[PDB]
RNA sequence: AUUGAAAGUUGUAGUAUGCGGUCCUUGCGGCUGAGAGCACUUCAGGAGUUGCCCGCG
């Protein structure tokens, strides 16, 4: 009933969660600022990240697909 | 069940099409491994020796 799952998954060669595309025929991906250790330094980096809402929508799609 | 609650930044799209690393080109011509050269010089198969011994067509 009450289940919680957490882990690491490897994926590559994707354009998931495009950052609203772009006017000049250039479609980018949503970016995220991340703070991390750099041997006594709080450095910040730019990484791709899929939003929770997209996973929500896909879960709803899967649920309605199986409930048919 | 937190001013949170519902939520795809979504769907469709070939950097693609024709385009010779191409045509000519001797690793080519001349060139004595040749001339001189004793397997030569010395040399006994050699020295001894009863077909031996008996004999009535």
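In the entry's author numbering, the protein residues as written are 1 to 68. Each residue gets a CB set at the ideal place from its N, CA and C atoms; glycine is no exception.
* Asked: Would you say the segment 23-42 touches the segment 52-63, given that touching needs at least three Cβ pairs under 8 Å?
  -> no
* Asked: CA-CA distance, residue 65 and residue 55?
  -> Residue numbering aside, residue 65 sits at position 65 when the first chain is read from its first letter. Residue numbering aside, residue 55 sits at position 55 when the first chain is read from its first letter. Spanning the two alpha carbons is a distance of roughly 15 Å.
* Could you pull the start and end residues of the alpha helix (DSSP H) that residue 68 belongs to? => By 1-based counting over the first chain, the position of residue 68 is 68. Segment: none, residue 68 is in no alpha helix (DSSP H) and carries neither H nor E.
* Leaving out five residues before and five after residue 29 in sequence, what residues of the same chain have Cβ atoms less than 8 Å from its Cβ? -> Mapped onto the first chain, residue 29 falls at position 29. Cβ neighbours of residue 29 beyond the five flanking positions: 15, 16, 17, 18, 19, 48.
* Based on the DSSP secondary-structure assignment, which residues constitute the bridge partners of residue 42? -> Indexing the first chain from 1 puts residue 42 at position 42. 37.
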